[PDB]
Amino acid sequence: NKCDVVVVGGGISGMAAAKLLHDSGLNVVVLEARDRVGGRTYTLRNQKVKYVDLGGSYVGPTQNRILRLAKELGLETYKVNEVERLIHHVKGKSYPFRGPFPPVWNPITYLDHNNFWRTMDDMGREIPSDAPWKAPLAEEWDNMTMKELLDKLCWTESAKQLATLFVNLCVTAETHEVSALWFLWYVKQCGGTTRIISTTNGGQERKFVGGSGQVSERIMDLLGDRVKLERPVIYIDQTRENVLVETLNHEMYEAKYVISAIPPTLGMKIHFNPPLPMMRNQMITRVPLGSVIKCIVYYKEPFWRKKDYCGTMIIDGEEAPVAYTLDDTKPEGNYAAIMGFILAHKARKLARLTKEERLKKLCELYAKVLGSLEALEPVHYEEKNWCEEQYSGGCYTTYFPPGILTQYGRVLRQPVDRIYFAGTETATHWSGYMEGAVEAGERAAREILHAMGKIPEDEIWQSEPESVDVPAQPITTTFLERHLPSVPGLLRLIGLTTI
């Protein structure tokens, strides 16, 4: 019935918010739609897999908040396997390699690839993390799809094909669906292209021992009965002195403030009294989440390692169901598995098939890519289509179509009376990730501690001590990388020499 703060949503962001508010001495309630906590994280446990992350999974250096929270809850990380060679599969052939980026040999193509990555990071520096709409050319770039930007930037089909896969794989959406400004922002607020695509020294370095669902579960364990499962919030009323929050099972909750810790667009499921302001009213109809199926195929052994393949595959091609894989063998070396993502329009297309038809298509793909018949001998298959989740909307996160971030962006985390906004979408560092869920959750919580006069204004946004378990190597460039010309730059050098 009565408390200080009601948190709507029991994902990482909600549970991080509640935990901070509870640790500070307030009475909180977490209202959670599903029969479980975790949200876009979910750890399945059976005898065939022991445990497996069907949602959010990877962490890495610079993600210091999620690592501190996980460690405070008694969790440990382990390194994803990147000992052996990565594979770049393009035009029906596999090309093994080492280091984060697939190499390229053709000099024209080398210049175009170098310039693509460099330009992403170049445009990124123009874009404030905390206010993307303030970039000097915010409008010009927001009025563009990533597709249009790649049509202008990539002078080779090789670079354009790889850039297309990068977008799809990073934001589970087509290049023609997303704003260039938004995408550039998203990449920059993760710390740049190298940080986001890397396993070693980047976003995919590590997983938690026993799965990421433990984060939410263990916070629930601290909060006891304060967490209420199967409580979909339908109604928020701010007309009176106390905020009244109504659930679908006809319960009433009464509070001083509310944290909305749900994907922006899932805000549409709540009826508001009084109505939301114009700008938030339209914003939450303009921000969908991407489309992805996560698939894990299990095998007797990690046979690929024996061929000096770490199990990372970067798979270009329309025929290919999966575009990216990682090794998902346990750190012990057992329950050998390949993890892969089916992305964007391929999630739409291939969801029409049965579980068994998807397994077959993956095994056949893996067989060709790894040059192994063993890939046709799976011992188990687990999967989750995030597109069919009423209380997620999709995965990994919310993307912004063209025109939306400059017009509506500033209201994402603008409080509405005594409603405050968390969720990873509201973060300024690794928004989209579990890291961003923790940042947004703790920031939202502290916004309320300020409103209550319990902390000063400068303690709302709090920096995070670098992890001592997972320290960050800095991102370096070479002289050549920095100064080699673009393709158009070389053409200008050719027109000038011959004059």
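From 1 onward, residues are counted along the sequence shown.
*Asks:* On mean Cα temperature factor in this entry, is 239-247 or 257-265 the higher one?
*Replies:* It is 239-247.
*Asks:* So, looking at the entry's B-factor column for Cα atoms, which has the higher mean, 429-437 or 468-476?
*Replies:* Taking the mean C-alpha B-factor of 429-437 and of 468-476, the larger value falls to 468-476.
*Asks:* For the C-alpha B-factor as written in the entry, point me to the maximum among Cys190, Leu370, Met283, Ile419.
*Replies:* If I rank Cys190, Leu370, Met283, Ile419 by C-alpha B-factor, first place goes to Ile419.
*Asks:* I'd like to know which of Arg118, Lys346, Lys71, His89 has the highest C-alpha temperature factor in the PDB entry.
*Replies:* Reading the PDB entry, the winner on C-alpha B-factor is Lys71.
*Asks:* Should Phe183 be placed in the lowest, middle or highest third of its chain by the C-alpha B factor in the entry?
*Replies:* Answer is lowest: the recorded C-alpha B-factor places it there.
*Asks:* Taking the C-alpha B-factors as the PDB entry records them, is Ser463 in the lowest, middle or highest third of its chain?
*Replies:* Top third by C-alpha B-factor.
*Asks:* Going by the entry, which third of its chain does the Cα temperature factor of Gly14 land in?
*Replies:* CA B-factor rank for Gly14: lowest third.
*Asks:* Among the modelled residues of this chain, does the Cα B factor of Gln63 put it in the lowest, middle or highest third?
*Replies:* Tercile = lowest for this residue's CA B-factor.
*Asks:* Test of reading the entry: by CA B factor among the chain's modelled residues, which third contains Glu457?
*Replies:* Its C-alpha B-factor, which the entry lists for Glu457, ranks in the highest third among residues of this chain.
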